[PDB]
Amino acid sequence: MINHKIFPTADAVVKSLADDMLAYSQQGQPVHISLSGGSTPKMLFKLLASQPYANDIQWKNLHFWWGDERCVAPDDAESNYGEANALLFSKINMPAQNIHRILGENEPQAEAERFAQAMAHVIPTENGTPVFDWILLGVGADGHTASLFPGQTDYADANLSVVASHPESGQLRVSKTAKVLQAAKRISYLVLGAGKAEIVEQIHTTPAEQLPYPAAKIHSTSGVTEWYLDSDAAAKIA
């Protein structure tokens, strides 16, 4: 199933995400959630750290993992974990073991392997692949998602993680592979702002086969693939 949601504002998108985080936490069983970094996740973290979310969300039932992470120390300005910690985790009461950071300070190939083994060990699996309850994703102006970049992504990668490099900066990242995104119950591309209007129009109107964009090609095989836009991102299609 595919679900496209167009909200009037970025704030409305983030509220809807926060409401879902709360609902997940009330279910009772562990919920494994994969986090992206960037401007929309930043907004989400700030709302989640505020009342009444900070108090009402049952953080003990939620597990945070990362769809990708920059290979820098967790206190570096470019750490996804570091930003989530600064805006959210340091402001709430959540079991430390429910936060599953990628070790960006470590040798990346061995870290990708440790990260993959942790996912497979902790998260319920289907055919050996961890099944996320929810993966939050970005879409770059180049169509990338997590750190799966156009022209670098092996869609038949059987591993659960990969070391990839940013195509412009050469920065190393540890990323989930497409396989893990495809295995998830629900993945949600959070695509906000005028800056994304053009790529939205391309993905919306063009067969995925004709595009080089990982975000256009990767969907949950048997679950839900969602596109969250605000009116600015949707301005060319709605």
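Residue numbers here begin at 1 and follow the sequence given.
- Taking only CA atoms, the mean B-factor in the PDB entry is higher for 150 to 158 than for the other of 164 to 172 and 150 to 158.
- In the PDB entry, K196 places in the highest third of its chain by CA B-factor.
- In the PDB entry, a CA B factor belonging to the middle third of its chain's modelled residues is recorded for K60.
- Among all modelled residues in its chain, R101 ranks in the middle third by Cα B-factor.
- Compared with the other modelled residues of the chain, the Cα B-factor recorded for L190 ranks in the lowest third.
- Placement of the Cα temperature factor of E83 within the chain: highest third of the modelled residues, per the deposited record.
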